[PDB]
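> model this:
(6 chains, ligands or ions: 4)
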Amino acid sequence: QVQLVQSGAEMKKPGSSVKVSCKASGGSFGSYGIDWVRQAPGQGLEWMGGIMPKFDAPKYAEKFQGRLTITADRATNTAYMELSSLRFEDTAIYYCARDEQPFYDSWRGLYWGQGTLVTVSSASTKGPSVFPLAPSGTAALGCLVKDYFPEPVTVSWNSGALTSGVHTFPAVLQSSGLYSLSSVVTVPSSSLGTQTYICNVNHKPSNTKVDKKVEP
Amino acid sequence: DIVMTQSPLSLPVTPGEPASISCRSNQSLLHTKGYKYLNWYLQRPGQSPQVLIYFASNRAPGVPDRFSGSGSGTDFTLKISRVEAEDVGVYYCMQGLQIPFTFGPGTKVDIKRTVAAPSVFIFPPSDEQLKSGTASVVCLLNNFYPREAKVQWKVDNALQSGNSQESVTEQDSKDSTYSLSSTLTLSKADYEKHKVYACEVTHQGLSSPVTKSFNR
Amino acid sequence: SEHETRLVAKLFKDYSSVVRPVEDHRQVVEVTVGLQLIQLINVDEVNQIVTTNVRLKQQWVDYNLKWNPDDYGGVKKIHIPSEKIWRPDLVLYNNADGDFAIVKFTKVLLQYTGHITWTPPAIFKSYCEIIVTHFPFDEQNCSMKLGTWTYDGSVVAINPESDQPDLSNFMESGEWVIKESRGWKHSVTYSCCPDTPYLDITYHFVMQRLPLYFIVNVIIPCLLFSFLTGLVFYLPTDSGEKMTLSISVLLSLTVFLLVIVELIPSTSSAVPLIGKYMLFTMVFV
Amino acid sequence: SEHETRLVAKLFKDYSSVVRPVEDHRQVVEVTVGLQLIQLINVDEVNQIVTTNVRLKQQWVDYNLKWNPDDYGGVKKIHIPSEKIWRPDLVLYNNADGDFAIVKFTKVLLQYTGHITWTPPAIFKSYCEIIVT
Amino acid sequence: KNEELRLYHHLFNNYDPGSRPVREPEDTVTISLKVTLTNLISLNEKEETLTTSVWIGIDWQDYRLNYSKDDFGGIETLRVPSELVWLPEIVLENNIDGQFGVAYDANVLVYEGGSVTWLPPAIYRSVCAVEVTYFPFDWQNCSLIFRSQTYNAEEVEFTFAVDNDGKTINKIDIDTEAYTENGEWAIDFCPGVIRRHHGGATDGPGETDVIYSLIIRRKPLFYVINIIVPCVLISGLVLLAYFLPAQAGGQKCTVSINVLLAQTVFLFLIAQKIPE
Amino acid sequence: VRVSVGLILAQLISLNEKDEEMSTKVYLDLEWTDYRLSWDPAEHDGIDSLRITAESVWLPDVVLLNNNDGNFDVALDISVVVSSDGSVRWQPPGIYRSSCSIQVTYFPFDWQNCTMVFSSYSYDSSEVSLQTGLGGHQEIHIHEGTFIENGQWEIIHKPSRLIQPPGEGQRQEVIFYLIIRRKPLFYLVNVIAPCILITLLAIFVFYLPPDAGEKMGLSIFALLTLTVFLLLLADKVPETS
Ligand SMILES: *[C@@H]1O[C@H](CO)[C@@H](O[C@@H]2O[C@H](CO)[C@@H](O[C@@H]3O[C@H](CO[C@H]4O[C@H](CO)[C@@H](O)[C@H](O)[C@@H]4O)[C@@H](O)[C@H](O[C@H]4O[C@H](CO)[C@@H](O)[C@H](O)[C@@H]4O)[C@@H]3O)[C@H](O)[C@H]2NC(C)=O)[C@H](O)[C@H]1NC(C)=O
Ligand SMILES: *[C@@H]1O[C@H](CO)[C@@H](O[C@@H]2O[C@H](CO)[C@@H](O[C@@H]3O[C@H](CO)[C@@H](O)[C@H](O)[C@@H]3O)[C@H](O)[C@H]2NC(C)=O)[C@H](O)[C@H]1NC(C)=O
Ligand SMILES: *[C@@H]1O[C@H](CO)[C@@H](O)[C@H](O)[C@H]1NC(C)=O
Ligand SMILES: *[C@@H]1O[C@H](CO)[C@@H](O)[C@H](O)[C@H]1NC(C)=O
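Numbering: from 1, shown residues only, chains lettered A, B, ... in the order given. Ligands and ions are numbered 1, 2, ... in the order given. Below is the structure:
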């Protein structure tokens, strides 16, 4: 089966340049039939550019002119994009969509890559700060993960023994560029006095092992 | 740019009965040769987008026979013969006639289920939380359906703006209900100027909005 | 063999070499064209025809000639006759008196992905303007225009394999040195047919003649006759052999004209440098 | 157009080009041979070979290639490839170094009566004794 | 499914390339003929042969191969091998080497509405009787005669093609940007005429052909530099014999008879170039 | 697939110096095994071999890579000889015109190094492997009785070597080398000896008395004869520079 494999995720800063590849296997691709489509967090798909036989040259959107360069290499069965002068709003998952036999004046994108997250942020790596959210006939409680960077954060309860009722909310980006999420679980109110509840926050990039005690 | 719009913005479905999506353009997409350049794409949760119908009537290779498409110069329709549990995701329509090519806002799809009212849980700011120089008020909506729900933070009948945040869980396969938390970000100076904070929960199926508060 | 036999039988059960090998008729067949120059057989200055021995490498994808190697014992590539499949009809637009298209139908290398590689041989007899102004010190830029005769750019697209022709297997020539070579793609669209561009790839070769043969065989005897021409003025009149020497130098030059016409090309595009020197020597005598 | 197709299908359903085209095998096939001289290309006095461009008109009747024009939309004549039909094997007996027989197999004009007319082109190189006296 | 394959099967499943595209036998097939000359290679005086590189523009209607683009996904053109369709079998009647047909059997372009286009390239070696009288300061009138080798005028007839402006192209078409003039010959005129003959009742079936008359002018520079000027000077040298003394050392008969010998050498030289 | 390539030289037709091509009539000697064409002679009335038309069986597309005239294939396909064990022997005749770079420095007292490169045109080295034919005897086979000896060229060496690819598309070659020496008697008789005689006359001019009034005539007619011999040589010498 034909597979498209894109490059790895990249961490960048404003003003820098990111080059994302899109390597194909199981099929043969040409100089055309390449389109790049990004998806910002909590937003729809957006066409960036591509190459068609009609023009015999890449065509970009008005937003990306002067910053974006799209190329396709027939010999090695791979395509690249190069977006320069990165901004904060350029944070998104970038996809490559390709067809083995290109349409003359349009595009379809039968084969898609797995997507690569490019995160533009001026902030530095920083661990989380776990504060408790004590409950005010079922009681719900959790612990708020706040001011951490970069992604991801895995949150577990009772050293992973408790899985029922575990809601891992999507991380949300603040104006400062630092992420925040909250993990919650709903339990009977009578269970507060008999069973202990503890959330374990783990941060893979920093190898942080934090256990914050929770009490009413 | 050609503006593309879709309706409905959210479509609940049950497996075993058909479904339909619609897309509309502000310009006729008819080509001189007699075919309409309108493609439909499906992005399942967590996966890359997948093309379903290209040129508004043609089923792409590897697509199940359920997905069918048709349309006119300006109005287009996507129909499903019998929805399966795997057909859940965000459906995008895209015109491929005029550069820049534009995707639609996207139509959301989810499994329909019996309407359950939202279970509301609120967390006030801890007295220890202010010690760090920040304050977060979290109010929780647990196991509600449909996804459409509005929350606004009112302090002494004063509406807030630019100081609220939102987060929603993806549709859990088993329970088939959503969960939501709203986070209020304030400076410590703004916290002491007011006393009582409450968030509104709205739902068309409720006789009236449910407002919850705590004693400060 | 049994796996490949079964695979070939499956592939060519309902194959059609008439239509383009595309999933959809609105798709374009991209053909990567690469010319390899093996030998420069001859340059005809009179008829303005350059003869070359070339390999015209062509690569394209056939949608219907696809298979999974796991279903056929791991066969990932095969060789099949080229006459059984659809091929692009590349034609030498500047063909003078040779073959316009490919006539040696060698086998194509077919990959499991549908990728075809066809590298037939050809003898290109191409027509190029031969400027004889500086002959035998003349430089000749001769091109080979290649394109799909019956398919336009909207249904079949052609691109060069590389910016330059492949001269890796080029045999050294005893009369010409290839100073420069380059392959340029061109697209021409007419107002009558604005949606159907017509494409071509023109390979041009800048060649410099090696003039040692003509220097030794033509220029040196002419120099000797020119030197002998003035010696009659050192020969006294009383010898009674002035006219013998002069008229016999003329006779030698007249006999050498036979060698001149035998060696140099005979064309009226311009007066060659060697022709100018011949005429100067004759007027001198 | 369809009448010609049906006629050609009918005629060559059980036709054999190897057998002489007669009702009865003891009959003699009558062929009318006519030579049209187009050009005298060259006379080679050394090798004694005259090369000429000619048209070798041949006419004969095929018994099995007959039809009624009324049953085929008034079609009274058609054009058939010469390879599909029996032909006389005319050979230039005194050929010097050219082709002995016809190689350009043009189409034949076939009438409903069975009369076949075949006028192929040829280049005859013949051996001519040259008297240089 | 490729729509080209469906269109091909629809048109050609029931189709006879041996039958003319006429609804009735007595209808005539009209052929629009254009002849484009790419290169004039040579004119062999000894063999009296003209070698040219051309491609023939042939257009005609075929009601059997008529289709609508709307029914077949918007296809306006279909390329198929020429062996699958009926052809008028245009040949060069006045070829000298026995080569009647075209050099490369290119695909025919089948347009909607039954229009069929065939544009094959060809190398032709044609007879051209060389008028030797003013050689090398001579012009020739070489002819290219085209006709159907099979069909008579009542069966197939010819018309000249029309450009986009609508005027009739009654001549040889030459692309100026791509044309490289022959080193020895300049093409001055190239009219085309459609002739009809043998059309009388006594004659029987009528016949037709198209004749293109290439008027070509020789450029005599090579003969002027290499042959004529030296020969003229050597033939003028004999006048110098009148000024030499009539004595032993005069060498009067030396200059005259050696000029004759040089003229004989020039005769040998000229015998290799002139027609025979 | 192991293919053994040999060569038999039936005639060295010529070596054209103007065109830089060597014309040879040869019989190839191709041997390979095809497992599909195996049978038991005991089960087929003791038939131990078959003669089958070449086009009916798989052939390796072994061609003369360095041909000058554009002809890659053999002159006649003939028939193969198939053994009961699947061995296939095919000796097709061939008229070939291979490119030979002429070393013109010592012409006509020269020897040439004209090669015949034989290889599969399509199959790569991982599909069809070539080896020199023998039955080692790494040479062009010449039958002394029936060999048409050339009147201008004497064969000094006639080896054959297998060339491996450098270092996929990689292809082996089997090159048959013909090192041939010209026999220059024609040029000695027709060019060298007249030149020597004319040179002796040019020497003896200086013994002619000035009072005779005949030095210029003799010397310049010697030069004219030399020009005539230059005209003689123009048809024979190579055109390279
Ligand atoms: C021997 O003969 C050959 C052909 O007969 C000559 O080839 C020409 O070579 C020149 C370069 O030296 C070519 O010019 C270059 O063409 C490129 C491609 O142009 C095509 O594509 C564009 C669209 O991308 C079309 O608009 C155009 O019409 C063509 O279809 C250009 O990309 C090159 O651009 C360069 O020059 C321009 C102008 O100066 C600059 O603005 C660019 O930045 C860049 O520097 C360039 O124009 C030419 O096309 C060739 N002709 C052919 C027919 O092949 C050889 O030069 C000649 N050798 C000799 C005499 O030495
Ligand atoms: C070049 O050759 C062609 C072909 O020979 C010349 O055209 C032909 O010219 C002759 C006249 O010399 C035409 O014959 C005339 O025909 C009419 C018919 O009505 C008749 O009334 C006249 O008495 C005469 O016989 C001939 O038809 C014509 N062929 C054509 C038109 O194709 C052409 O003139 C030559 N060009 C030159 C020498 O400039
Ligand atoms: C659709 O999008 C905007 C609407 O203002 C405009 O750019 C475009 O022209 C619109 N379509 C029309 C009017 O054709
Ligand atoms: C081809 O068919 C169409 C549709 O019936 C018709 O309009 C058209 O005139 C036809 N063309 C010919 C050549 O008959």
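> I'd assumed residue A:24 was in contact with residue A:77.
Yes - the criterion here is C-beta atoms under 8 Å, and residue A:77 meets it with residue A:24 at 4.6 Å. All C-beta spots, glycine's among them, are computed from the backbone N, C-alpha and C.
> Who has more neighbours out of these two?
Under the criterion of other C-beta atoms under 10 Å in any protein chain shown, the comparison of residue A:77 against residue A:24 puts residue A:24 first, with 23 against 20.
> Not counting sequence-adjacent ones, nearest residue to the spatially most central residue of chain E?
Central residue of chain E (C-alpha atoms, centre = their mean): residue E:144, 4.8 Å from the mean position. Of all residues not flanking residue E:144 in the chain, residue E:212 sits nearest, at 4.4 Å (C-beta to C-beta, 6 or more residues apart in numbering or on different chains).
> How about the contacts made by that neighbour?
Counting by C-beta atoms under 8 Å, 6 or more residues apart in numbering or on different chains, residue E:212 touches E:35, E:143, E:144, E:146, E:171, E:172, E:190, E:191, E:192.
> Can you select the buried ones among the residues you listed for me in ChimeraX?
Remark: buried members of the contacts of residue E:212, expressed as a ChimeraX selection using 16 or more other C-beta atoms under 10 Å in any protein chain shown:
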select /E:35,144,146,171,172,190,192
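> Take the contacts of residue E:212 and write them to CSV, including secondary structure.
Output for the contacts of residue E:212, formatted as CSV (DSSP: H, G, I helix; E, B strand; the rest coil):
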residue, secondary structure
E:35, strand
E:143, strand
E:144, strand
E:146, strand
E:171, strand
E:172, coil
E:190, coil
E:191, strand
E:192, strand
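> Give me the most central residue, chain A.
What sits nearest the mean C-alpha location of chain A, by C-alpha atoms, centre = their mean, is residue A:117, with 4.5 Å.
> Make sure it is actually in contact with residue A:90.
No - the criterion here is C-beta under 8 Å, and residue A:117 misses it with residue A:90 at 11.6 Å.
> Any residue of the helix or strand containing residue E:37 touching chain C?
Assessed by DSSP states H and E, residue E:37 sits inside strand E:29-44. Yes - part of strand E:29-44 sits near chain C under the criterion C-beta under 8 Å from any C-beta of the partner chain, namely E:38, E:39, E:41, E:42.
> now for that strand, which elements pack on it?
Strand E:29-44 is packed against strand C:121-127, strand E:49-61, strand E:139-148, strand E:156-160, strand E:185-189, strand E:207-218, with contacts defined by 3 or more C-beta pairs under 8 Å, 6 or more residues apart in numbering or on different chains; DSSP states H and E.
> residues of the helix or strand just after the first one that come out buried?
It refers to strand C:121-127. Beyond strand C:121-127 on the C-terminal side, the first helix or strand identified by DSSP H and E is strand C:139-148. Residues of strand C:139-148 classed as buried: C:140, C:142, C:143, C:144, C:145, C:146, C:147, C:148 (neighbour count, 16+ other C-beta under 10 Å).
> any idea how far residue E:155 is from the residue lying closest to the fifth one once chain neighbours are set aside?
Counting by C-beta to C-beta, 6+ apart, residue C:93 is the residue found nearest to residue C:145 once chain neighbours are left out, at 4.1 Å. Shown here: residue C:93 relative to residue E:155, a distance of 34 Å by C-beta to C-beta, to the nearest Å.
> Check the offset of stretch B:137-156 from the chain's centre.
The chain centroid and the centroid of stretch B:137-156 are separated by 15 Å under C-alpha atoms, centre = their mean, to the nearest Å.
> The lengthiest helix in chain E and chain C in contact?
Under DSSP state H, the helix in chain E containing the largest number of residues is helix E:252-271. Yes - using C-beta under 8 Å from any C-beta, helix E:252-271 comes into contact with chain C via E:254, E:255, E:258, E:259, E:261, E:262, E:265, E:266, E:268, E:269.
> For residue C:278, give me the backbone phi and psi.
Phi and psi for residue C:278, reported as degrees, to the nearest 10, are phi -60, psi -50.
> Next, count neighbours for it.
Other residues near residue C:278 number 23, with proximity taken as other C-beta under 10 Å.
> check contacts around it.
C:222, C:257, C:260, E:226.
> hmm, back to that, the residue nearest to the centre of chain E reaches residue E:214, doesn't it?
Yes - judged on C-beta under 8 Å, residue E:144 makes contact with residue E:214 at a distance of 6.9 Å.
> interface residues of chain A facing chain C?
So far as C-beta under 8 Å from any C-beta goes, chain A lies against chain C at A:26-28, A:30-32, A:53, A:56, A:74, A:99-104, A:106.
> filter these down to the ones near ligand 1?
Applying C-beta under 6 Å from any ligand atom to those, one finds that nothing falls near ligand 1.
> Which one of those residues is nearest to residue E:14?
residue A:101 (31.1 Å; C-beta to C-beta).
> Using the three-state scheme, assign that closest one.
coil.
> what sits against the residue nearest to it when sequence neighbours are not counted?
Distance criterion C-beta to C-beta, 6+ apart; nearest residue to residue A:101, sequence neighbours excluded, is residue C:27 at 4.1 Å. By C-beta under 8 Å, 6+ apart, the residues touching residue C:27 are A:99, A:101, A:102, A:103, A:104.
> Please report the number of neighbouring residues for residue 53.
Unless you meant another one, I'm taking chain A. By other C-beta under 10 Å, neighbour count at residue A:53 equals 24.
> hmm, I had chain C in mind actually
When neighbours are defined as other C-beta under 10 Å, residue C:53 has 22 of them.
> Show the secondary-structure elements that the lengthiest helix in chain F is packed against.
Longest helix in chain F by number of residues (criterion: DSSP H): helix F:215-233. Under the contact criterion of 3+ C-beta pairs under 8 Å, 6+ apart, helix F:215-233 touches helix C:242-263, helix F:193-204.
> what about residue A:214, distance to ligand 2?
108 Å (C-beta to the nearest ligand atom, to the nearest Å).
> same check, this time on residue B:127
113 Å.
> So that residue: helix, strand or coil?
Under three-state DSSP, residue B:127 falls in the coil class.
> Name the nearest residue to residue 189, sequence neighbours excluded.
I'll assume chain A. residue A:139 (4.3 Å).
> Hmm, no, I was thinking of chain C.
Per C-beta to C-beta, 6+ apart, closest to residue C:189 is residue C:197, 4.4 Å.
> again with residue C:20
Per C-beta to C-beta, 6+ apart, closest to residue C:20 is residue C:29, 5.4 Å.
> circling back to that earlier point, CA atoms of the strand holding residue E:37 as CSV?
Provided in CSV are the C-alpha atoms of strand E:29-44 (Å, rounded to 0.1, in the frame of the first residue of the first chain):
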residue,chain,number,x,y,z
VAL,E,29,-15.9,11.5,-49.0
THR,E,30,-14.3,14.9,-48.9
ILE,E,31,-10.7,15.1,-47.7
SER,E,32,-9.2,18.5,-46.5
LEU,E,33,-5.6,18.4,-47.5
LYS,E,34,-2.7,20.5,-46.2
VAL,E,35,1.0,19.8,-46.8
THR,E,36,3.6,21.4,-44.5
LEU,E,37,7.2,21.4,-45.5
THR,E,38,9.7,21.2,-42.7
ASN,E,39,13.0,20.7,-44.5
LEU,E,40,14.2,20.6,-48.1
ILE,E,41,17.1,18.1,-47.8
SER,E,42,18.6,17.8,-51.3
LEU,E,43,18.0,17.8,-55.0
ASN,E,44,20.2,15.1,-56.6
